2 protein chains.
Amino acid sequence: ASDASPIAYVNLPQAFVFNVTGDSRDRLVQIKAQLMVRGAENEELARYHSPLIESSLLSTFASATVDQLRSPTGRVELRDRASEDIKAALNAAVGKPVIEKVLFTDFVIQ
Amino acid sequence: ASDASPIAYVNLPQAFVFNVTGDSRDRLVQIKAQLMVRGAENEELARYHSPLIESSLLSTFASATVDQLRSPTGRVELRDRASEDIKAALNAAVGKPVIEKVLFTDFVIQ
């Protein structure tokens, strides 16, 4: 009610920096992320498995193309795929999706 | 009468920087923002859910046009969309809107 929301946020402190390649430009993208989770058990799992979670994120991002990141439909696609990739990796590893979704708090492309 | 509880302002310290591009151009935007809330419980909620709020704001700004930034009508429209997207995110997460509205204290297209 007042004191009872299971929602918590797990900071991912280090920004993700990766190269996206395009027809004229290799570019660097920087993305600051946090994880949204429901409940103390999922929070503990998300903190514990964050090397795995960080590596899932990097793989999703590195697969992105330049005019996917320049397209408003493309950004929503990438955002949702980042969350669903993490859920799939954690389901393989621990049998649980663990997170609700990835949150992106900062995005700069060059 | 609930909407008569006292106003407070929750500062969002980090300015939003994001790219926009289309028929006219490709360039940068900086927005500095704060949240207007009513009452102590909404204020503590706005601070606790700051990762979700910041992510909603970045999502809203990512899907704006360089043409809609140059229109005075579009800028009101952007502000209102931003407030509505935050309220919808928090309604989905805790079942209350939490904020009154978001405030843009700096808005520049450079």
# chains A, B, ... in the order shown; residues from 1 in each chain; ligands from 1
>>> interface_residues(of="chain A", to="chain B", cutoff="12 Å", atoms="only C-alpha atoms", output="ChimeraX atom specification")
/A:1-12,29-38,67,69-76,79,100-110
>>> calpha_fit_rmsd(fixed="chain B", moving="chain A")
2.6 Å
>>> atom_distance(atom1="CA of residue 68 (chain B)", atom2="CA of residue 97 (chain B)")
25.9 Å
>>> select_by_dssp(residues="chain A", states="strand (DSSP E or B)", output="NGL selection string")
:A and (7-11 or 16-21 or 26-38 or 101-108)
>>> select_by_dssp(residues="chain A", states="helix (DSSP H, G or I)", output="PyMOL selection string")
chain A and resi 40-48+50-62+66-69+72-94
>>> atom_distance(atom1="CA of residue 43 (chain A)", atom2="CA of residue 98 (chain A)")
7.8 Å
>>> atom_distance(atom1="CA of residue 83 (chain B)", atom2="CA of residue 99 (chain B)")
8.0 Å
